[PDB]
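To keep things clear, I will list the structure first and then write my remarks on it.
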Amino acid sequence: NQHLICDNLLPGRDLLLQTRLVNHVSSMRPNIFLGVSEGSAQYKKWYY
């Protein structure tokens with residue numbers, strides 16, 4: 001029964017909550033905002 005439960009539940013990898021160790025990531029941006037609106041007419045072509 002142990003082997004049957006194993007090979008009939010675990011390989012499916014569904015219906016059971018699965019955990020994994022992942023790394024924290026963070027994103028930063030410069031104080032730059034580029035949106036189309038009235039005024040500040042920009043061709044919106046930037047190099048980085």
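In the structure tokens, chains take the letters A, B, ... in the order shown, each chain's residues start at 1, and ligands count up from 1 in the order shown.
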Might you pull out every residue within 8 Å of region 23-34 of chain A, with only C-alpha atoms counted and same-chain residues fewer than 2 positions away left off, and present them as a count of residues only?
-> 3
